[PDB]
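Notes follow once the structure below has been shown.
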Amino acid sequence: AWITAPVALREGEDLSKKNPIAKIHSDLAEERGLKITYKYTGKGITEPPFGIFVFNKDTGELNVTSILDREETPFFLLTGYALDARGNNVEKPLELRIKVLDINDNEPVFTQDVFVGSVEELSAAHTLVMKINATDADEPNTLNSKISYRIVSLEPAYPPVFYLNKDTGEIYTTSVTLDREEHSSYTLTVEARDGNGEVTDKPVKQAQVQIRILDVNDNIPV
Amino acid sequence: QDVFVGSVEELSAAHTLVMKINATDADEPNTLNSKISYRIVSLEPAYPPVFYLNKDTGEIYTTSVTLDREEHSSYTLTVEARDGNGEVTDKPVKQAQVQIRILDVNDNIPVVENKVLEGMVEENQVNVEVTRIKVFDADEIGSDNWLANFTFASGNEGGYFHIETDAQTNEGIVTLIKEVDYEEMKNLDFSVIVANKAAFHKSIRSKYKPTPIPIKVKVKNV
Amino acid sequence: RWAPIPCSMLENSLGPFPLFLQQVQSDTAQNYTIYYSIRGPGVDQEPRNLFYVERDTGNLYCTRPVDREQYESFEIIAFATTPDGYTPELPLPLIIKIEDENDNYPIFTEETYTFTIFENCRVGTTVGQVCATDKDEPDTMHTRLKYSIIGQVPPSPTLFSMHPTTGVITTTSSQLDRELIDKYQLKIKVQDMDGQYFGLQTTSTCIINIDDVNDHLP
Amino acid sequence: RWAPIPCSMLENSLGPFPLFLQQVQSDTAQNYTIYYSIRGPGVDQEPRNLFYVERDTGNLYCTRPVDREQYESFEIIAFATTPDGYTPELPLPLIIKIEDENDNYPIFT
């Protein structure tokens, strides 16, 4: 006899143009005049989260009603039911699975507001200085969570002094020579980002980087 | 009325009352011809609804979704009155606006920049300043819910020092309350932890545990 | 038993084809060898070949793009058959609806609109009206129109104005001497979706003549 | 934009590296002690540390063999500084030329 499949719904958009998604209803009930009323149990309809699905008590249609969040549930698993007016289960209960599908909807957030570092005077080009770290709420080892780090502001802003490797969050020096006797420190600002990044315009989140220039004995006691 | 007003609080419990609405009919007292009943015309978002209307009694109550004063300072919705029993006429009937002000609670946590502190005092003085901490909170400006309130985590046994929050600024100010002696050259270090001057909401409380901030202090001679 | 679940396809779909609609299996393939087929106005009755099925997994697809313009809904039977030529179980009726977007353009009800107006008629005289129609479902946003002038030939004087909901053209200025300028053209636009950003535009040009009185001296 | 009269290095060079390229300096060297440096692709964008300069005397060099197939020239900014950190002279966009070796194929009409 004929069988049914599972369904899959995406994070973050209005699914009001995708309904109805499933239905629990009897095929011959009508040929005995037999009145049925219908209910679903499960996470999303009788357990959390709330708001997200509704059903028609007479015709057993299942409808989405609010925004899905894959950072709240990646799956749900309902059971639907069919009773007469007294108590009898007219149909055998139906299993219904609902996959949620993930998008990038959260931007990565640093282990610190302001990171601290050190680099020595008179050192060679591309001297490694420090590492900055952040975390993402989408699903690990994927492109919605895959972090890139960049410099957004620098003080003194000229000449150029540092680069940020976008793929690790490590901070390196340029070929310009550093001197403890002139710049006790530096300060710049870093932005963590995710995914492919094209045409983003809603603001994203930032931290500070502060670098101490460590002394060498390059001057004599006159 | 043209427009009805009432009050809900944020984060409330379910099916607790809010307010009544009122209409009037011209037929006879206590008859079904003037036996009024209501509905909610439109609401936004329309599901889950943030309010429930007993349609027979004219009373408005909370649902199983909570309001947020940090989202809206007032919720709007529309109402309609009819009368008698059974199916509704296919003709127009009058409507009016409802507005629910949303009262604020201590779900917003006081947050700071500052994380450790130091300062100085002289001997043979009292009521003199040492240091400060400036505080932010997302609750209403001047409420007991918004006032940062500091208390000791260590060094209280001395009775030497205090921290008082100003309600102008939400800035804690630290002072010397009992006299100190330079000639004993004792340790006067202590530490403080923030809450608010009101407790934290039933669903929100203990979900976080802040750490203390140490203050260190040193004495001058006369 | 439980009855089957409804399905649909959005009109004018880009593809490529075939485009998947549902999986329809039977649990009986577990207890003996069946394969999958479909029948009705949709495969073997006109429209022919529109739906297709995998005879080995019951995946059920469409072969080409449809139109809400042209079609509404379709009833198709699924059934199972053995390789030795017999049908041991009941068939499954399917229900399948076409879904609608605004995607059919508005179009003016004439190849070019013409108008005649008497020399120096008064400001706000009704010059005429431009009508368009739209073949998506009536009284909807998908057929809701918005009417605009976009520009004038000759570009000067400023002489006409258009009513937004109906394309109703009036005059704005009574400098209308035929003996100085005898015809105007107006570059005109109609769009659906209350003329929103996402509504679909069709442009035309309409003509306005200055209809003669006798006033130039022999 | 254009840039000053160039200096060459072949592609596919065999060294010994560092191979030398040029000395461009600042026209008032007698007033202050200068320190001479370089920046741009080839030093501090990619590929990194293809190029170098004598920091005290401004003689320029490169560190490894290069290919010409994606470029006939290289471009970098040379900049002046002092031991007290300040800029005596304005920075100059220079050009290096990459000369050929035969490694493109001959191909019939």
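Numbering starts fresh at 1 for the residues of each chain in the structure tokens, the chains themselves are lettered A, B, ... in the order given, and ligands are numbered from 1 as they appear.
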> Where does DSSP see strand (DSSP E or B) in region 50-205 of chain B, if you list the residues as number ranges by chain?
Replying inline: B: 52-54, 59-61, 74-82, 95-103, 111-112, 117-122, 128-136, 148-154, 161-166, 171-176, 190-196
>> Between CA of residue 69 (chain D) and CA of residue 105 (chain D), what distance in Å does the model show, to one decimal?
In response: 12.0 Å
>> Between CA of residue 98 (chain A) and CA of residue 76 (chain A), what distance in Å does the model show, to one decimal?
In response: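 Value for the CA of residue 98 (chain A)-CA of residue 76 (chain A) distance: 5.0 Å.
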> Closest to chain A among B:3, B:16, B:47, B:187, using only C-alpha atoms?
Replying inline: B:47
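Among the candidates B:93, B:18, B:98, B:112, the one nearest to chain A when counting only C-alpha atoms is B:112.
Separating CA of residue 84 (chain B) from CA of residue 1 (chain B) is a distance of 21.4 Å.
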>> Would you pick out the contacts of residue 75 (chain D) at 12 Å or less, using only C-alpha atoms, so that residues sharing its chain but fewer than 3 positions from it are not included, and give the list as a list in words?
In response: residues 1, 2, 3, 4, 6, 7, 38, 39, 40, 41, 42, 43, 45, 46, 50, 51, 71, 72, 78, 92, 93, 94, 95, 96, 97 and 98 of chain D
>> Would you pick out the contacts of region 16-32 of chain C at 9 Å or less, using only C-alpha atoms, so that residues sharing its chain but fewer than 5 positions from it are not included, and give the list as a PyMOL selection string?
In response: (chain A and resi 1-5) or (chain C and resi 7-9+51-53+57-65+78+80+82+89)
Selection above as a file: C-alpha atoms, as a PDB file, in the first residue's frame:
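Final file, out_35.pdb:
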```
ATOM      1  CA  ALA A   1       0.000   0.000   0.000  1.00  0.00           C
ATOM      2  CA  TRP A   2       1.113   3.663  -0.692  1.00  0.00           C
ATOM      3  CA  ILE A   3       3.664   5.344   1.594  1.00  0.00           C
ATOM      4  CA  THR A   4       4.738   9.028   2.339  1.00  0.00           C
ATOM      5  CA  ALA A   5       8.121  10.907   2.510  1.00  0.00           C
TER       6      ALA A   5
ATOM      7  CA  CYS C   7       1.361  19.014  -4.312  1.00  0.00           C
ATOM      8  CA  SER C   8       2.202  22.000  -6.586  1.00  0.00           C
ATOM      9  CA  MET C   9       4.576  23.692  -9.103  1.00  0.00           C
ATOM     10  CA  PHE C  51       4.694  14.315 -15.821  1.00  0.00           C
ATOM     11  CA  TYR C  52       7.368  11.617 -15.597  1.00  0.00           C
ATOM     12  CA  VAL C  53       8.213   8.919 -12.906  1.00  0.00           C
ATOM     13  CA  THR C  57      12.288   4.501  -6.986  1.00  0.00           C
ATOM     14  CA  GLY C  58       8.911   6.245  -7.530  1.00  0.00           C
ATOM     15  CA  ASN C  59      10.418   9.798  -7.789  1.00  0.00           C
ATOM     16  CA  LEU C  60       7.858  11.902  -9.611  1.00  0.00           C
ATOM     17  CA  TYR C  61       8.829  14.907 -11.767  1.00  0.00           C
ATOM     18  CA  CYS C  62       7.574  17.319 -14.554  1.00  0.00           C
ATOM     19  CA  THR C  63       9.208  17.497 -17.998  1.00  0.00           C
ATOM     20  CA  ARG C  64       8.654  21.164 -19.082  1.00  0.00           C
ATOM     21  CA  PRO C  65       7.377  24.557 -17.702  1.00  0.00           C
ATOM     22  CA  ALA C  78      -0.224   6.552  -9.704  1.00  0.00           C
ATOM     23  CA  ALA C  80       2.077  -0.302  -9.549  1.00  0.00           C
ATOM     24  CA  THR C  82       4.480  -6.470 -11.838  1.00  0.00           C
ATOM     25  CA  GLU C  89      -3.041  -3.618  -5.317  1.00  0.00           C
TER      26      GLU C  89
END
```
Within 12 Å of residue 23 (chain B), counting only C-alpha atoms, which residues qualify if same-chain residues fewer than 4 places away don't, as a PDB file with N, CA and C atoms, in the first residue's frame?
```
ATOM      1  N   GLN B   1     -15.420  53.814  23.509  1.00  0.00           N
ATOM      2  CA  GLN B   1     -14.222  54.609  23.372  1.00  0.00           C
ATOM      3  C   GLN B   1     -13.730  54.705  21.941  1.00  0.00           C
ATOM      4  N   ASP B   2     -12.900  55.690  21.611  1.00  0.00           N
ATOM      5  CA  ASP B   2     -12.209  55.777  20.336  1.00  0.00           C
ATOM      6  C   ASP B   2     -11.066  54.775  20.293  1.00  0.00           C
ATOM      7  N   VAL B   3     -10.325  54.819  21.403  1.00  0.00           N
ATOM      8  CA  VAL B   3      -9.137  54.009  21.601  1.00  0.00           C
ATOM      9  C   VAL B   3      -9.019  53.696  23.081  1.00  0.00           C
ATOM     10  N   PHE B   4      -9.002  52.390  23.375  1.00  0.00           N
ATOM     11  CA  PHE B   4      -8.732  51.755  24.656  1.00  0.00           C
ATOM     12  C   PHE B   4      -7.248  51.595  24.949  1.00  0.00           C
ATOM     13  N   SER B  34     -28.926  42.088  23.024  1.00  0.00           N
ATOM     14  CA  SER B  34     -27.937  43.064  23.453  1.00  0.00           C
ATOM     15  C   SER B  34     -26.817  42.358  24.197  1.00  0.00           C
ATOM     16  N   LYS B  35     -26.720  41.040  24.043  1.00  0.00           N
ATOM     17  CA  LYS B  35     -25.689  40.194  24.595  1.00  0.00           C
ATOM     18  C   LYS B  35     -24.371  40.101  23.830  1.00  0.00           C
ATOM     19  N   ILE B  36     -23.487  41.077  24.062  1.00  0.00           N
ATOM     20  CA  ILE B  36     -22.423  41.509  23.183  1.00  0.00           C
ATOM     21  C   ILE B  36     -21.333  40.448  23.185  1.00  0.00           C
ATOM     22  N   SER B  37     -20.610  40.269  22.082  1.00  0.00           N
ATOM     23  CA  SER B  37     -19.418  39.462  21.931  1.00  0.00           C
ATOM     24  C   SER B  37     -18.462  40.051  20.899  1.00  0.00           C
ATOM     25  N   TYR B  38     -17.155  39.866  21.091  1.00  0.00           N
ATOM     26  CA  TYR B  38     -16.022  40.475  20.424  1.00  0.00           C
ATOM     27  C   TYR B  38     -15.097  39.635  19.557  1.00  0.00           C
ATOM     28  N   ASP B  56     -16.588  36.478  25.185  1.00  0.00           N
ATOM     29  CA  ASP B  56     -17.899  36.555  25.799  1.00  0.00           C
ATOM     30  C   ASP B  56     -17.895  37.609  26.904  1.00  0.00           C
ATOM     31  N   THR B  57     -16.747  37.668  27.576  1.00  0.00           N
ATOM     32  CA  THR B  57     -16.577  38.551  28.709  1.00  0.00           C
ATOM     33  C   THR B  57     -15.918  39.914  28.503  1.00  0.00           C
ATOM     34  N   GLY B  58     -15.250  40.146  27.372  1.00  0.00           N
ATOM     35  CA  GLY B  58     -14.640  41.395  26.942  1.00  0.00           C
ATOM     36  C   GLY B  58     -13.253  41.665  27.508  1.00  0.00           C
ATOM     37  N   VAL B  79     -10.151  45.872  17.417  1.00  0.00           N
ATOM     38  CA  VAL B  79     -11.305  45.137  17.913  1.00  0.00           C
ATOM     39  C   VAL B  79     -12.649  45.353  17.251  1.00  0.00           C
ATOM     40  N   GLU B  80     -13.557  44.381  17.376  1.00  0.00           N
ATOM     41  CA  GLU B  80     -14.869  44.494  16.780  1.00  0.00           C
ATOM     42  C   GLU B  80     -15.873  43.886  17.753  1.00  0.00           C
ATOM     43  N   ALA B  81     -17.053  44.508  17.845  1.00  0.00           N
ATOM     44  CA  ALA B  81     -18.187  44.049  18.628  1.00  0.00           C
ATOM     45  C   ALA B  81     -19.337  43.597  17.750  1.00  0.00           C
ATOM     46  N   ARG B  82     -20.041  42.534  18.150  1.00  0.00           N
ATOM     47  CA  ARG B  82     -21.313  42.057  17.637  1.00  0.00           C
ATOM     48  C   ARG B  82     -22.203  41.662  18.809  1.00  0.00           C
ATOM     49  N   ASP B  83     -23.383  41.100  18.524  1.00  0.00           N
ATOM     50  CA  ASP B  83     -24.407  40.744  19.489  1.00  0.00           C
ATOM     51  C   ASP B  83     -25.209  39.530  19.067  1.00  0.00           C
ATOM     52  N   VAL B  93     -20.093  46.222  10.723  1.00  0.00           N
ATOM     53  CA  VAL B  93     -20.186  46.615  12.120  1.00  0.00           C
ATOM     54  C   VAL B  93     -18.929  47.384  12.520  1.00  0.00           C
ATOM     55  N   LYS B  94     -19.073  48.189  13.572  1.00  0.00           N
ATOM     56  CA  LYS B  94     -18.077  49.119  14.069  1.00  0.00           C
ATOM     57  C   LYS B  94     -16.928  48.399  14.771  1.00  0.00           C
ATOM     58  N   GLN B  95     -15.756  49.032  14.726  1.00  0.00           N
ATOM     59  CA  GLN B  95     -14.484  48.656  15.306  1.00  0.00           C
ATOM     60  C   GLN B  95     -13.778  49.758  16.079  1.00  0.00           C
ATOM     61  N   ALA B  96     -12.813  49.490  16.957  1.00  0.00           N
ATOM     62  CA  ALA B  96     -11.947  50.467  17.595  1.00  0.00           C
ATOM     63  C   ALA B  96     -10.582  49.854  17.886  1.00  0.00           C
TER      64      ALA B  96
END
```
> Neighbours of residue 36 (chain D) within 10 Å (only C-alpha atoms; same-chain residues fewer than 6 positions away dropped), as a list in words?
Replying inline: residues 176 of chain A; 24, 25, 26, 53, 54, 55, 56, 57, 58, 59, 60, 78, 79, 80, 81 and 82 of chain D
>> Using only C-alpha atoms and a distance of at most 10 Å, pull out the residues of chain A that contact chain C, as a ChimeraX atom specification.
In response: /A:1-7,17-29,61,82,90-94
>> Quick one: residues within 9 Å of residue 19 (chain D), only C-alpha atoms, excluding same-chain residues fewer than 2 positions away - as a list in words?
In response: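 Residues meeting the cut-off are residues 9, 13, 15, 16, 17, 21, 60, 61, 62, 63 and 64 of chain D.
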Include N, CA and C atoms and write out the residues we just selected as a PDB file, in the first residue's frame.
```pdb
ATOM      1  N   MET D   9      65.718  42.113 -14.517  1.00  0.00           N
ATOM      2  CA  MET D   9      66.225  40.795 -14.216  1.00  0.00           C
ATOM      3  C   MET D   9      65.627  39.813 -15.205  1.00  0.00           C
ATOM      4  N   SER D  13      66.267  32.770 -13.507  1.00  0.00           N
ATOM      5  CA  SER D  13      67.663  33.103 -13.288  1.00  0.00           C
ATOM      6  C   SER D  13      68.344  32.057 -12.413  1.00  0.00           C
ATOM      7  N   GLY D  15      71.170  32.658 -10.302  1.00  0.00           N
ATOM      8  CA  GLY D  15      71.867  33.380  -9.257  1.00  0.00           C
ATOM      9  C   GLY D  15      73.363  33.604  -9.489  1.00  0.00           C
ATOM     10  N   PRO D  16      74.176  33.628  -8.425  1.00  0.00           N
ATOM     11  CA  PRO D  16      73.810  33.386  -7.046  1.00  0.00           C
ATOM     12  C   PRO D  16      72.854  34.424  -6.472  1.00  0.00           C
ATOM     13  N   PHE D  17      71.751  34.032  -5.831  1.00  0.00           N
ATOM     14  CA  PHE D  17      70.915  34.987  -5.143  1.00  0.00           C
ATOM     15  C   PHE D  17      71.481  35.397  -3.793  1.00  0.00           C
ATOM     16  N   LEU D  21      69.938  44.526  -8.774  1.00  0.00           N
ATOM     17  CA  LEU D  21      69.005  45.143  -9.691  1.00  0.00           C
ATOM     18  C   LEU D  21      69.278  46.620  -9.942  1.00  0.00           C
ATOM     19  N   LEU D  60      69.114  47.505  -4.470  1.00  0.00           N
ATOM     20  CA  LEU D  60      67.960  46.631  -4.521  1.00  0.00           C
ATOM     21  C   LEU D  60      68.297  45.224  -5.013  1.00  0.00           C
ATOM     22  N   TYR D  61      67.630  44.169  -4.562  1.00  0.00           N
ATOM     23  CA  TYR D  61      67.899  42.798  -4.956  1.00  0.00           C
ATOM     24  C   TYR D  61      66.658  41.918  -4.915  1.00  0.00           C
ATOM     25  N   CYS D  62      66.716  40.717  -5.481  1.00  0.00           N
ATOM     26  CA  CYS D  62      65.628  39.754  -5.391  1.00  0.00           C
ATOM     27  C   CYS D  62      66.201  38.395  -5.030  1.00  0.00           C
ATOM     28  N   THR D  63      65.340  37.528  -4.491  1.00  0.00           N
ATOM     29  CA  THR D  63      65.685  36.406  -3.637  1.00  0.00           C
ATOM     30  C   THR D  63      65.647  35.022  -4.269  1.00  0.00           C
ATOM     31  N   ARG D  64      65.092  34.931  -5.475  1.00  0.00           N
ATOM     32  CA  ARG D  64      64.668  33.711  -6.137  1.00  0.00           C
ATOM     33  C   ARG D  64      64.315  33.903  -7.601  1.00  0.00           C
TER      34      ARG D  64
END
```
Chain A contacts to chain B at 10 Å (only C-alpha atoms) as a CSV table (one decimal) with C-alpha atoms, in the first residue's frame:
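Saved as iface_28.csv:
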```csv
chain,number,residue,atom,x,y,z
A,50,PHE,CA,6.5,27.6,19.9
A,51,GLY,CA,4.7,29.5,17.0
A,52,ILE,CA,6.3,27.6,14.2
A,53,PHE,CA,3.5,25.2,12.8
A,54,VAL,CA,-0.3,25.0,13.0
A,65,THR,CA,3.5,29.8,10.6
A,66,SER,CA,6.8,31.4,11.7
A,113,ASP,CA,37.2,43.0,23.1
```
>> Counting only C-alpha atoms, which residue out of A:160, A:48, A:203, A:197 sits closest to chain D?
In response: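 Counting only C-alpha atoms, the residue closest to chain D is A:160.
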>> Please find the residues of chain A near chain D - the criterion being any atom within 9 Å, counting only C-alpha atoms - and write them as a list in words.
In response: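 So the residues of chain A near chain D are residues 125, 126, 160, 163, 173, 174, 175, 176, 177, 179, 181 and 182 of chain A.
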If you keep C-alpha atoms, can you produce a file of those selected residues as a compact mmCIF listing (two decimals), in the first residue's frame?
```
# COMPACT_ATOMS: atom_id res chain seq x y z
CA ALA A 125 60.22 41.51 7.79
CA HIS A 126 57.07 39.40 8.29
CA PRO A 160 52.03 50.70 6.79
CA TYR A 163 49.15 42.69 7.90
CA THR A 173 54.88 43.07 10.40
CA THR A 174 55.78 44.94 7.20
CA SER A 175 59.39 45.67 6.04
CA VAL A 176 59.40 49.05 7.92
CA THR A 177 61.74 49.11 10.89
CA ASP A 179 61.79 51.38 17.14
CA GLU A 181 62.46 54.76 21.28
CA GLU A 182 59.78 56.35 19.06
```
>> Using only C-alpha atoms for the distances, tell me which of B:26, B:204, B:135, B:43 is nearest to residue 10 (chain B).
In response: B:204
